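Chemist: Take a look at the following structure, please.
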Ligand SMILES: CSc1ccccc1CC(=O)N1C[C@@H](C(N)=O)C[C@H]2C[C@H]21
Ligand SMILES: [Zn+2]
């Protein structure tokens, strides 16, 4: 579980999105595991606009924040699931770190703000869905 709240937007994993998110849909992308829904209240999360490759992510399965080195956003194969068939997921960033299925949504942050959220994991790895290219979130 976990969301990003910037201005009149809510950013969640598309596989974890609720009925309200779909009733107030702004943009969704299956290949990125992202969904953006509109909000009534004003959100206050700063989105990072950078090329950072080091940051800190929240791990709800360990109740701890972890510093990580992460890859540049890319097309990375993800195995079949109960939400998506086997496919390349775009704008994904991998790091060495603990991830569990319910850790999806945990925020990855650098010194410049929110980078993205936990999307994939397993085998001593954690994958983050990047949100830095979505410039319309700020505007
Ligand atoms: C971080 S979740 C996790 C953790 C350890 C091991 C396995 C998983 C499962 C995983 O990688 N997922 C990928 C996600 C996707 N983007 O397609 C769909 C939901 C099922 C989540
Ligand atoms: Zn940064």
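Residue numbers (the UniProt record's numbering): 869 to 1007.
Virtual Cβ for every residue (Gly too), placed ideally from N, Cα, C.
1. From this set, 891, 966, 956, which residue's C-alpha is nearest residue 992's C-alpha?
2. Among 878, 959, 972, 935, which one has its Cα closest to the Cα of residue 900?
3. Do you know whose CA, among 990, 877, 884, lies nearest residue 945's CA?
4. Inspect the beta-carbon positions of residue 999 and residue 982 and report whether they are closer than 8 Å.
5. Does DSSP put residue 882 in a helix, in a strand, or in coil?
6. On the DSSP bridge list, what partners appear for residue 963?
7. Determine contact between the stretch 946-955 and the stretch 910-920, defined as no fewer than three beta-carbon pairs at a distance below 8 Å.
8. Going by beta carbon distance, what residues of the same chain come within less than 7 Å of residue 916, once the five residues before and after it are set aside?
Modeler: Considering the structure as presented:
1. Ranking the options by Cα distance to residue 992, first place goes to 966.
2. If you compare the alpha carbons of 878, 959, 972, 935 with that of residue 900, the shortest gap goes to 959.
3. That would be 990, whose Cα lies nearest to the Cα of residue 945.
4. Inclusion of residue 999 and residue 982 in the CB contact set at 8 Å is warranted, their separation being smaller than that value.
5. Three-state result, residue 882: helix.
6. The partner list for residue 963 (beta bridge, DSSP) reads 994.
7. Too few Cβ pairs lie closer than 8 Å, so no.
8. 978, 980, 981, 982, 983, 1000, listed in sequence order.
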